[PDB]
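Engineer: sequence and experimental coordinates follow.
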Amino acid sequence: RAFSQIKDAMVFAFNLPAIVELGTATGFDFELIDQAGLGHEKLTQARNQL
Amino acid sequence: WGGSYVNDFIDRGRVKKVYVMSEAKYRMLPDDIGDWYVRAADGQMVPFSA
């Protein structure tokens, strides 16, 4: 919190998980693939869509 | 008469090979080795049969 109230400088703080080197949060990890032609851009528009 | 691959261009985001070589029609029988000259140090174009 005390680090919110800071200039253009996102400054977070957080406690590391149990097993540093392991499967973190119950979250997900998704990966959007370029699967053809489509350049950076197209993927970006794609990414941004979703 | 034997291909040579200079280096790598890029095809829709997939690095690919690049090769210099003779159009088929100028490499098919021994009498074509008659077409290639080669610039000397005097700039005079000299031909193999030489």
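Structural biologist: Everything's here; your move. Numbers count the residues shown, from 1 in each chain, chains lettered A, B, ... in the order given.
Engineer: just checking, next helix/strand downstream of the helix or strand encompassing residue B:8?
Structural biologist: Using DSSP states H and E, residue B:8 sits within strand B:4-11. Sequence-wise, the next helix or strand downstream of strand B:4-11 (DSSP H and E) is strand B:14-20.
Engineer: what comes up buried for the helix or strand that comes right after that following strand?
Structural biologist: For strand B:14-20, the succeeding helix or strand toward the C-terminus, using DSSP H and E, is strand B:37-39. Going by neighbour count (16 or more other Cβ atoms under 10 Å in any protein chain shown), nothing in strand B:37-39 comes out as buried. Heads up, the C-betas are built off the backbone N, CA and C, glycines and all.
Engineer: ok, residues contacting strand B:37-39?
Structural biologist: For strand B:37-39, contacts defined as Cβ atoms under 8 Å, 6 or more residues apart in numbering or on different chains pick out B:45-48.
Engineer: I'd like to know which of these are buried.
Structural biologist: Buried among the contacts of strand B:37-39 by 16+ other Cβ under 10 Å: none.
Engineer: which of the residues you listed fall in strands?
Structural biologist: B:45-47 (DSSP state E).
Engineer: I'd like the residues you listed laid out as a markdown table, including distance to residue B:31.
Structural biologist: Converted to a markdown table, the ones in strands among the contacts of strand B:37-39 look like this (distance: Cβ to Cβ, whole Å):
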| residue | distance to residue B:31 |
| --- | --- |
| B:45 | 19 |
| B:46 | 18 |
| B:47 | 13 |
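Engineer: let me know the closest of the residues you listed to residue A:46.
Structural biologist: Nearest to residue A:46 among the ones in strands among the contacts of strand B:37-39 is residue B:45, at 54.3 Å by Cβ to Cβ.
Engineer: so in terms of bridging, what pairs with the nearest residue to that closest one once chain neighbours are set aside?
Structural biologist: Leaving out its chain neighbours, the residue that sits closest to residue B:45 by Cβ to Cβ, 6 or more residues apart in numbering or on different chains is residue B:37, at 4.2 Å. Counting by DSSP bridges, residue B:37 forms beta bridges with residue B:47.
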